[PDB]
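Peer 1: Here you go, this is coords_39.tsv (TSV, N, CA, C and O atoms).
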```tsv
chain	number	residue	atom	x	y	z
D	350	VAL	N	61.78	48.40	104.42
D	350	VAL	CA	62.62	49.24	105.29
D	350	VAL	C	62.46	50.76	105.06
D	350	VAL	O	62.57	51.53	106.01
D	351	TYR	N	62.13	51.19	103.84
D	351	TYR	CA	61.79	52.57	103.49
D	351	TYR	C	60.28	52.84	103.33
D	351	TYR	O	59.90	53.84	102.73
D	352	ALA	N	59.42	51.94	103.82
D	352	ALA	CA	57.96	52.02	103.70
D	352	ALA	C	57.18	51.59	104.97
D	352	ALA	O	55.95	51.49	104.94
D	353	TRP	N	57.87	51.31	106.08
D	353	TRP	CA	57.26	50.97	107.37
D	353	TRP	C	56.56	52.16	108.06
D	353	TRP	O	56.62	53.30	107.61
D	354	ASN	N	55.89	51.87	109.18
D	354	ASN	CA	55.12	52.84	109.97
D	354	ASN	C	55.07	52.47	111.46
D	354	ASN	O	55.35	51.33	111.85
D	355	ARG	N	54.69	53.43	112.30
D	355	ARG	CA	54.70	53.33	113.76
D	355	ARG	C	53.53	52.53	114.34
D	355	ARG	O	52.63	53.07	115.00
D	356	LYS	N	53.52	51.21	114.11
D	356	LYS	CA	52.65	50.27	114.82
D	356	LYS	C	52.95	50.25	116.33
D	356	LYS	O	53.99	50.74	116.77
D	357	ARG	N	52.05	49.70	117.15
D	357	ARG	CA	52.25	49.63	118.60
D	357	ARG	C	51.41	48.56	119.32
D	357	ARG	O	50.39	48.10	118.80
D	358	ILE	N	51.82	48.21	120.54
D	358	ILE	CA	50.99	47.52	121.52
D	358	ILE	C	50.13	48.49	122.35
D	358	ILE	O	50.53	49.65	122.58
D	359	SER	N	48.98	48.04	122.84
D	359	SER	CA	48.09	48.79	123.73
D	359	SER	C	47.22	47.89	124.63
D	359	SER	O	46.94	46.74	124.28
D	360	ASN	N	46.73	48.43	125.75
D	360	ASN	CA	45.84	47.76	126.71
D	360	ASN	C	46.27	46.35	127.18
D	360	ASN	O	45.42	45.47	127.35
D	361	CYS	N	47.57	46.10	127.37
D	361	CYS	CA	48.11	44.76	127.63
D	361	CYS	C	49.20	44.73	128.72
D	361	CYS	O	49.80	45.74	129.09
D	362	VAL	N	49.48	43.53	129.22
D	362	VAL	CA	50.68	43.21	129.98
D	362	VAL	C	51.91	43.03	129.07
D	362	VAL	O	51.80	42.94	127.84
D	363	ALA	N	53.10	42.95	129.66
D	363	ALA	CA	54.38	42.80	128.97
D	363	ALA	C	55.39	41.97	129.80
D	363	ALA	O	55.18	41.76	130.99
D	364	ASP	N	56.46	41.49	129.17
D	364	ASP	CA	57.44	40.57	129.77
D	364	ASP	C	58.85	40.71	129.15
D	364	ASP	O	59.45	39.74	128.69
D	365	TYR	N	59.37	41.94	129.10
D	365	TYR	CA	60.54	42.32	128.30
D	365	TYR	C	61.87	41.62	128.64
D	365	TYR	O	62.78	41.58	127.80
D	366	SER	N	62.00	41.01	129.82
D	366	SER	CA	63.21	40.31	130.26
D	366	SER	C	63.67	39.18	129.32
D	366	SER	O	64.87	38.91	129.22
D	367	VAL	N	62.75	38.53	128.60
D	367	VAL	CA	63.07	37.43	127.68
D	367	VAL	C	63.99	37.84	126.52
D	367	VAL	O	64.77	37.03	126.01
D	368	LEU	N	63.97	39.12	126.13
D	368	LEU	CA	64.83	39.67	125.08
D	368	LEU	C	66.33	39.67	125.43
D	368	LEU	O	67.17	39.84	124.55
D	369	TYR	N	66.69	39.45	126.70
D	369	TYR	CA	68.07	39.29	127.16
D	369	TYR	C	68.71	37.94	126.80
D	369	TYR	O	69.90	37.73	127.09
D	370	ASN	N	67.96	37.01	126.20
D	370	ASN	CA	68.48	35.69	125.79
D	370	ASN	C	67.76	35.02	124.61
D	370	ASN	O	68.37	34.21	123.90
D	371	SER	N	66.48	35.33	124.36
D	371	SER	CA	65.69	34.71	123.29
D	371	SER	C	66.23	34.97	121.87
D	371	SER	O	66.78	36.03	121.57
D	372	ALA	N	66.00	34.02	120.97
D	372	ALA	CA	66.44	34.05	119.57
D	372	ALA	C	65.88	35.24	118.76
D	372	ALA	O	66.51	35.69	117.80
D	373	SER	N	64.74	35.80	119.18
D	373	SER	CA	64.15	37.03	118.64
D	373	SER	C	65.05	38.28	118.78
D	373	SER	O	64.85	39.28	118.09
D	374	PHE	N	66.07	38.21	119.65
D	374	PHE	CA	67.12	39.21	119.83
D	374	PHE	C	68.51	38.56	119.85
D	374	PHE	O	69.38	38.95	120.63
D	375	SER	N	68.73	37.54	119.00
D	375	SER	CA	70.00	36.82	118.90
D	375	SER	C	71.18	37.76	118.58
D	375	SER	O	72.27	37.59	119.13
D	376	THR	N	70.93	38.81	117.78
D	376	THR	CA	71.66	40.07	117.83
D	376	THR	C	70.72	41.19	118.30
D	376	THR	O	69.59	41.28	117.81
D	377	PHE	N	71.15	42.02	119.25
D	377	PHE	CA	70.33	43.12	119.78
D	377	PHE	C	71.14	44.23	120.45
D	377	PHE	O	72.28	44.02	120.88
D	378	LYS	N	70.55	45.42	120.59
D	378	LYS	CA	71.17	46.61	121.19
D	378	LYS	C	70.12	47.64	121.63
D	378	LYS	O	68.96	47.56	121.22
D	379	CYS	N	70.50	48.63	122.44
D	379	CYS	CA	69.57	49.60	123.02
D	379	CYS	C	70.14	51.02	123.12
D	379	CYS	O	71.33	51.22	123.36
D	380	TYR	N	69.25	52.01	123.05
D	380	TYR	CA	69.44	53.33	123.66
D	380	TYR	C	68.95	53.37	125.12
D	380	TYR	O	69.54	54.07	125.95
D	381	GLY	N	67.89	52.62	125.45
D	381	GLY	CA	67.29	52.56	126.79
D	381	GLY	C	67.97	51.59	127.77
D	381	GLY	O	69.04	51.05	127.51
D	382	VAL	N	67.32	51.39	128.92
D	382	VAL	CA	67.80	50.57	130.04
D	382	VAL	C	67.93	49.07	129.72
D	382	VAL	O	67.45	48.58	128.69
D	383	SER	N	68.55	48.31	130.62
D	383	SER	CA	68.68	46.85	130.51
D	383	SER	C	67.31	46.14	130.47
D	383	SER	O	66.39	46.54	131.18
D	384	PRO	N	67.16	45.06	129.67
D	384	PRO	CA	65.86	44.51	129.29
D	384	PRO	C	65.04	43.98	130.47
D	384	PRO	O	63.84	44.25	130.57
D	385	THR	N	65.68	43.24	131.39
D	385	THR	CA	65.03	42.71	132.59
D	385	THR	C	64.92	43.74	133.73
D	385	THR	O	63.94	43.72	134.48
D	386	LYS	N	65.87	44.67	133.85
D	386	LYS	CA	65.83	45.72	134.87
D	386	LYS	C	64.69	46.73	134.62
D	386	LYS	O	63.97	47.10	135.54
D	387	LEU	N	64.49	47.13	133.36
D	387	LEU	CA	63.36	47.96	132.93
D	387	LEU	C	62.05	47.19	132.69
D	387	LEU	O	61.02	47.81	132.41
D	388	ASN	N	62.06	45.86	132.77
D	388	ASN	CA	60.97	45.00	132.28
D	388	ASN	C	59.62	45.18	133.00
D	388	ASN	O	58.59	44.83	132.44
D	389	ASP	N	59.62	45.73	134.22
D	389	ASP	CA	58.41	46.04	135.00
D	389	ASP	C	57.66	47.31	134.56
D	389	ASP	O	56.52	47.52	134.97
D	390	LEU	N	58.28	48.19	133.76
D	390	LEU	CA	57.78	49.52	133.41
D	390	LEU	C	56.64	49.57	132.38
D	390	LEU	O	56.22	48.53	131.84
D	391	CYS	N	56.12	50.77	132.09
D	391	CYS	CA	55.10	51.02	131.06
D	391	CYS	C	55.18	52.45	130.47
D	391	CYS	O	55.76	53.36	131.07
D	392	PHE	N	54.57	52.67	129.30
D	392	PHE	CA	54.32	53.98	128.71
D	392	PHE	C	53.06	53.98	127.83
D	392	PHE	O	52.57	52.92	127.44
D	393	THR	N	52.51	55.16	127.53
D	393	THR	CA	51.16	55.32	126.98
D	393	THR	C	50.92	54.72	125.58
D	393	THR	O	49.77	54.48	125.20
D	394	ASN	N	51.98	54.44	124.83
D	394	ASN	CA	51.93	53.77	123.53
D	394	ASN	C	53.20	52.94	123.33
D	394	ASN	O	54.31	53.47	123.27
D	395	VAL	N	53.05	51.62	123.23
D	395	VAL	CA	54.16	50.68	123.08
D	395	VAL	C	54.61	50.57	121.61
D	395	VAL	O	54.44	49.52	120.98
D	396	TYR	N	55.12	51.66	121.04
D	396	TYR	CA	55.48	51.76	119.62
D	396	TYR	C	56.55	50.74	119.22
D	396	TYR	O	57.65	50.74	119.77
D	397	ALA	N	56.25	49.88	118.24
D	397	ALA	CA	57.12	48.80	117.78
D	397	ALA	C	56.91	48.48	116.29
D	397	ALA	O	55.77	48.45	115.81
D	398	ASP	N	57.99	48.20	115.57
D	398	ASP	CA	57.96	47.87	114.15
D	398	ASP	C	59.05	46.87	113.73
D	398	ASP	O	60.07	46.73	114.40
Y	449	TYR	N	92.63	60.56	122.82
Y	449	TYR	CA	92.80	59.33	123.61
Y	449	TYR	C	93.33	59.56	125.04
Y	449	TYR	O	93.07	58.75	125.93
Y	450	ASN	N	94.02	60.68	125.28
Y	450	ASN	CA	94.50	61.08	126.60
Y	450	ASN	C	93.38	61.29	127.63
Y	450	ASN	O	93.61	61.08	128.83
Y	451	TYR	N	92.18	61.70	127.20
Y	451	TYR	CA	91.07	62.03	128.10
Y	451	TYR	C	89.91	61.06	127.93
Y	451	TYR	O	89.38	60.86	126.83
Y	452	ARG	N	89.51	60.44	129.04
Y	452	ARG	CA	88.57	59.32	129.09
Y	452	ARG	C	87.69	59.37	130.34
Y	452	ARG	O	88.06	59.94	131.36
Y	453	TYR	N	86.56	58.68	130.25
Y	453	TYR	CA	85.53	58.51	131.27
Y	453	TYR	C	85.04	57.06	131.24
Y	453	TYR	O	85.39	56.31	130.33
Y	454	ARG	N	84.25	56.62	132.22
Y	454	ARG	CA	83.70	55.26	132.25
Y	454	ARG	C	82.44	55.12	131.38
Y	454	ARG	O	81.38	55.64	131.76
Y	462	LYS	N	81.22	55.48	144.95
Y	462	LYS	CA	81.06	56.23	146.20
Y	462	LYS	C	81.81	57.58	146.20
Y	462	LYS	O	82.77	57.75	145.43
Y	463	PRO	N	81.43	58.55	147.05
Y	463	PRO	CA	82.08	59.86	147.13
Y	463	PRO	C	83.59	59.79	147.39
Y	463	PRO	O	84.04	59.03	148.25
Y	464	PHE	N	84.37	60.58	146.65
Y	464	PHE	CA	85.84	60.58	146.67
Y	464	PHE	C	86.50	59.20	146.46
Y	464	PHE	O	87.65	58.99	146.85
Y	465	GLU	N	85.81	58.24	145.83
Y	465	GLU	CA	86.44	57.03	145.29
Y	465	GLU	C	87.18	57.31	143.97
Y	465	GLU	O	86.93	58.31	143.28
Y	466	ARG	N	88.10	56.42	143.60
Y	466	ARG	CA	88.91	56.47	142.37
Y	466	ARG	C	89.19	55.05	141.89
Y	466	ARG	O	90.23	54.47	142.19
Y	467	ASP	N	88.21	54.46	141.22
Y	467	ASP	CA	88.25	53.06	140.78
Y	467	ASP	C	89.13	52.88	139.53
Y	467	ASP	O	88.65	52.90	138.40
Y	468	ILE	N	90.44	52.74	139.73
Y	468	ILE	CA	91.43	52.67	138.65
Y	468	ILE	C	91.41	51.35	137.85
Y	468	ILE	O	92.18	51.20	136.90
Y	469	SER	N	90.56	50.38	138.21
Y	469	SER	CA	90.38	49.15	137.44
Y	469	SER	C	89.69	49.38	136.08
Y	469	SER	O	88.95	50.36	135.89
Y	470	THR	N	89.89	48.45	135.15
Y	470	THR	CA	89.39	48.51	133.77
Y	470	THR	C	88.87	47.16	133.23
Y	470	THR	O	88.98	46.87	132.04
Y	471	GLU	N	88.33	46.30	134.10
Y	471	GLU	CA	87.72	45.02	133.71
Y	471	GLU	C	86.56	45.20	132.71
Y	471	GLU	O	85.67	46.03	132.94
Y	472	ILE	N	86.52	44.41	131.63
Y	472	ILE	CA	85.41	44.46	130.66
Y	472	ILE	C	84.07	44.14	131.35
Y	472	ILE	O	83.95	43.13	132.03
Y	473	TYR	N	83.05	45.00	131.19
Y	473	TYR	CA	81.77	44.81	131.85
Y	473	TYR	C	81.11	43.50	131.40
Y	473	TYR	O	80.76	43.33	130.23
Y	474	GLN	N	80.80	42.65	132.38
Y	474	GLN	CA	79.72	41.67	132.31
Y	474	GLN	C	78.37	42.41	132.35
Y	474	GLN	O	77.65	42.40	133.35
Y	475	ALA	N	78.07	43.15	131.28
Y	475	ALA	CA	77.01	44.16	131.20
Y	475	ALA	C	75.57	43.60	131.12
Y	475	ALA	O	74.61	44.36	130.95
Y	476	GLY	N	75.41	42.28	131.23
Y	476	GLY	CA	74.11	41.60	131.19
Y	476	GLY	C	74.25	40.10	131.38
Y	476	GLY	O	75.05	39.63	132.19
Y	477	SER	N	73.47	39.33	130.63
Y	477	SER	CA	73.23	37.89	130.79
Y	477	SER	C	74.42	36.94	130.49
Y	477	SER	O	74.19	35.74	130.26
Y	478	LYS	N	75.67	37.41	130.46
Y	478	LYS	CA	76.83	36.66	129.94
Y	478	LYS	C	78.09	36.74	130.83
Y	478	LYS	O	78.46	37.82	131.28
Y	479	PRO	N	78.81	35.61	131.04
Y	479	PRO	CA	80.09	35.58	131.75
Y	479	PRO	C	81.25	35.97	130.82
Y	479	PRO	O	81.97	35.13	130.30
Y	480	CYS	N	81.40	37.27	130.57
Y	480	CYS	CA	82.28	37.79	129.51
Y	480	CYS	C	83.77	37.50	129.77
Y	480	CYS	O	84.42	36.86	128.95
Y	481	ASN	N	84.30	37.93	130.92
Y	481	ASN	CA	85.60	37.51	131.47
Y	481	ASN	C	86.77	37.55	130.45
Y	481	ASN	O	87.56	36.61	130.33
Y	482	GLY	N	86.86	38.65	129.69
Y	482	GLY	CA	87.83	38.88	128.60
Y	482	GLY	C	87.20	38.89	127.20
Y	482	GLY	O	87.74	39.53	126.29
Y	483	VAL	N	86.05	38.24	127.01
Y	483	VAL	CA	85.27	38.27	125.77
Y	483	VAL	C	84.52	39.60	125.63
Y	483	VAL	O	84.02	40.16	126.60
Y	484	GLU	N	84.41	40.08	124.39
Y	484	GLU	CA	83.72	41.32	124.03
Y	484	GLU	C	82.57	41.03	123.04
Y	484	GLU	O	82.71	40.18	122.16
Y	485	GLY	N	81.44	41.73	123.16
Y	485	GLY	CA	80.25	41.52	122.32
Y	485	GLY	C	78.97	42.10	122.92
Y	485	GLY	O	79.02	42.91	123.84
Y	486	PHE	N	77.80	41.68	122.43
Y	486	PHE	CA	76.51	42.04	123.03
Y	486	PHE	C	76.49	41.65	124.52
Y	486	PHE	O	76.86	40.53	124.87
Y	487	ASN	N	76.08	42.57	125.40
Y	487	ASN	CA	76.16	42.44	126.86
Y	487	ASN	C	77.59	42.20	127.43
Y	487	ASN	O	77.72	41.78	128.58
Y	488	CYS	N	78.65	42.49	126.67
Y	488	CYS	CA	80.05	42.32	127.06
Y	488	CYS	C	80.89	43.53	126.61
Y	488	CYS	O	81.53	43.50	125.55
Y	489	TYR	N	80.84	44.63	127.37
Y	489	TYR	CA	81.26	45.97	126.93
Y	489	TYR	C	82.48	46.50	127.69
Y	489	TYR	O	82.49	46.50	128.92
Y	490	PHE	N	83.50	47.01	127.01
Y	490	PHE	CA	84.65	47.62	127.70
Y	490	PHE	C	84.24	48.95	128.37
Y	490	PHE	O	83.59	49.78	127.73
Y	491	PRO	N	84.58	49.19	129.66
Y	491	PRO	CA	83.92	50.20	130.49
Y	491	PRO	C	84.38	51.64	130.26
Y	491	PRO	O	83.63	52.56	130.59
Y	492	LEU	N	85.59	51.86	129.74
Y	492	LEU	CA	86.22	53.17	129.61
Y	492	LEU	C	86.24	53.63	128.15
Y	492	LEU	O	86.60	52.86	127.26
Y	493	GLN	N	85.87	54.89	127.90
Y	493	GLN	CA	85.77	55.49	126.57
Y	493	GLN	C	86.49	56.84	126.54
Y	493	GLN	O	86.46	57.60	127.51
Y	494	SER	N	87.14	57.17	125.42
Y	494	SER	CA	87.72	58.49	125.20
Y	494	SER	C	86.66	59.54	124.87
Y	494	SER	O	85.73	59.27	124.10
Y	495	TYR	N	86.82	60.75	125.40
Y	495	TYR	CA	86.14	61.92	124.86
Y	495	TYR	C	86.76	62.30	123.51
Y	495	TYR	O	87.98	62.43	123.39
Y	496	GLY	N	85.94	62.55	122.50
Y	496	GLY	CA	86.37	62.85	121.13
Y	496	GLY	C	86.90	64.28	120.92
Y	496	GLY	O	86.46	64.95	119.99
Y	497	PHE	N	87.78	64.76	121.80
Y	497	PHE	CA	88.36	66.11	121.84
Y	497	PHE	C	89.34	66.42	120.69
Y	497	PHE	O	90.49	66.78	120.90
```
Translate the structure described by the file into structure tokens.
Peer 2:
Amino acid sequence: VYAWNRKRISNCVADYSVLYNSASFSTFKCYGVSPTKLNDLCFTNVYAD
Amino acid sequence: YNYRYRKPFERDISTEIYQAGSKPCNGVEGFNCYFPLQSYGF
């Protein structure tokens, strides 16, 4: 938790709507938009850790 | 606590807990089940 780094996705499709019910987000929260409403979008680096 | 926030010249005085996503909240509070009105921290 004090030694992680800014990994990311690139050159791919995505399907973010599943995070609104899947066990991978059994507890979850956001600063950004709703998971399925924003799920069609993209940005130049899919930063995730 | 006296001062709070959530069509033109509407005034929606209701305070139902948001069914804010994938859940039938209907009085329940939690993830995707959010109370709509908040105080400004004045």
Peer 1: I need the contact residues of chain D against chain Y, so if you could list those with any atom within 8 Å, counting all atoms listed in the file, and return them as a PDB file with N, CA, C and O atoms, in the frame of the given file, that would help.
Peer 2:
```
ATOM      1  N   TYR D 369      66.690  39.450 126.700  1.00  0.00           N
ATOM      2  CA  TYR D 369      68.070  39.290 127.160  1.00  0.00           C
ATOM      3  C   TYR D 369      68.710  37.940 126.800  1.00  0.00           C
ATOM      4  O   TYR D 369      69.900  37.730 127.090  1.00  0.00           O
ATOM      5  N   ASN D 370      67.960  37.010 126.200  1.00  0.00           N
ATOM      6  CA  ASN D 370      68.480  35.690 125.790  1.00  0.00           C
ATOM      7  C   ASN D 370      67.760  35.020 124.610  1.00  0.00           C
ATOM      8  O   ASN D 370      68.370  34.210 123.900  1.00  0.00           O
ATOM      9  N   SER D 375      68.730  37.540 119.000  1.00  0.00           N
ATOM     10  CA  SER D 375      70.000  36.820 118.900  1.00  0.00           C
ATOM     11  C   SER D 375      71.180  37.760 118.580  1.00  0.00           C
ATOM     12  O   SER D 375      72.270  37.590 119.130  1.00  0.00           O
ATOM     13  N   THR D 376      70.930  38.810 117.780  1.00  0.00           N
ATOM     14  CA  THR D 376      71.660  40.070 117.830  1.00  0.00           C
ATOM     15  C   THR D 376      70.720  41.190 118.300  1.00  0.00           C
ATOM     16  O   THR D 376      69.590  41.280 117.810  1.00  0.00           O
ATOM     17  N   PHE D 377      71.150  42.020 119.250  1.00  0.00           N
ATOM     18  CA  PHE D 377      70.330  43.120 119.780  1.00  0.00           C
ATOM     19  C   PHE D 377      71.140  44.230 120.450  1.00  0.00           C
ATOM     20  O   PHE D 377      72.280  44.020 120.880  1.00  0.00           O
ATOM     21  N   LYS D 378      70.550  45.420 120.590  1.00  0.00           N
ATOM     22  CA  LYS D 378      71.170  46.610 121.190  1.00  0.00           C
ATOM     23  C   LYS D 378      70.120  47.640 121.630  1.00  0.00           C
ATOM     24  O   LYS D 378      68.960  47.560 121.220  1.00  0.00           O
ATOM     25  N   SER D 383      68.550  48.310 130.620  1.00  0.00           N
ATOM     26  CA  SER D 383      68.680  46.850 130.510  1.00  0.00           C
ATOM     27  C   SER D 383      67.310  46.140 130.470  1.00  0.00           C
ATOM     28  O   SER D 383      66.390  46.540 131.180  1.00  0.00           O
ATOM     29  N   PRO D 384      67.160  45.060 129.670  1.00  0.00           N
ATOM     30  CA  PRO D 384      65.860  44.510 129.290  1.00  0.00           C
ATOM     31  C   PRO D 384      65.040  43.980 130.470  1.00  0.00           C
ATOM     32  O   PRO D 384      63.840  44.250 130.570  1.00  0.00           O
TER      33      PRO D 384
END
```
Peer 1: Counting only N, CA, C and O atoms, figure out which residue out of D:356, D:351, D:362, D:374 gets nearest to residue D:390.
Peer 2: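 Of all the options, D:362 lies closest to residue D:390.
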Peer 1: I'd like the interatomic distance between atom C of residue Y:467 and atom CA of residue Y:497, to a tenth of an Å.
Peer 2: 22.1 Å
Peer 1: Could you work out an axis-aligned box for stretch 484-491 of chain Y, taking every atom the file lists and adding 5 Å on each side, and report centre and edge lengths in Å to one decimal, as AutoDock Vina command-line options?
Peer 2:
```
--center_x 80.4 --center_y 46.3 --center_z 126.4 --size_x 18.6 --size_y 22.5 --size_z 18.4
```
Peer 1: Within 10 Å of residue Y:469, counting only C-alpha atoms, which residues show up once you throw out same-chain ones fewer than 2 positions away? Write them as a short mmCIF file (atom, residue, chain, number, x, y, z; two decimals) with N, CA, C and O atoms, in the coordinates of the input, please.
Peer 2:
```
data_model
loop_
_atom_site.label_atom_id
_atom_site.label_comp_id
_atom_site.auth_asym_id
_atom_site.auth_seq_id
_atom_site.Cartn_x
_atom_site.Cartn_y
_atom_site.Cartn_z
N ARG Y 466 88.10 56.42 143.60
CA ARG Y 466 88.91 56.47 142.37
C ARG Y 466 89.19 55.05 141.89
O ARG Y 466 90.23 54.47 142.19
N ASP Y 467 88.21 54.46 141.22
CA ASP Y 467 88.25 53.06 140.78
C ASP Y 467 89.13 52.88 139.53
O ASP Y 467 88.65 52.90 138.40
N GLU Y 471 88.33 46.30 134.10
CA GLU Y 471 87.72 45.02 133.71
C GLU Y 471 86.56 45.20 132.71
O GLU Y 471 85.67 46.03 132.94
N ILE Y 472 86.52 44.41 131.63
CA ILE Y 472 85.41 44.46 130.66
C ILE Y 472 84.07 44.14 131.35
O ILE Y 472 83.95 43.13 132.03
N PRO Y 491 84.58 49.19 129.66
CA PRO Y 491 83.92 50.20 130.49
C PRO Y 491 84.38 51.64 130.26
O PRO Y 491 83.63 52.56 130.59
N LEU Y 492 85.59 51.86 129.74
CA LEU Y 492 86.22 53.17 129.61
C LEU Y 492 86.24 53.63 128.15
O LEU Y 492 86.60 52.86 127.26
#
```
Peer 1: Record the distance separating atom N of residue D:354 and atom O of residue D:395, expressed in Å with one decimal.
Peer 2: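 Computed distance, atom N of residue D:354 to atom O of residue D:395, equals 12.1 Å.
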Peer 1: When you draw a straight line from atom CA of residue D:396 to atom CA of residue D:364, how long is it in Å?
Peer 2: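 Going from atom CA of residue D:396 over to atom CA of residue D:364, I get 15.2 Å.
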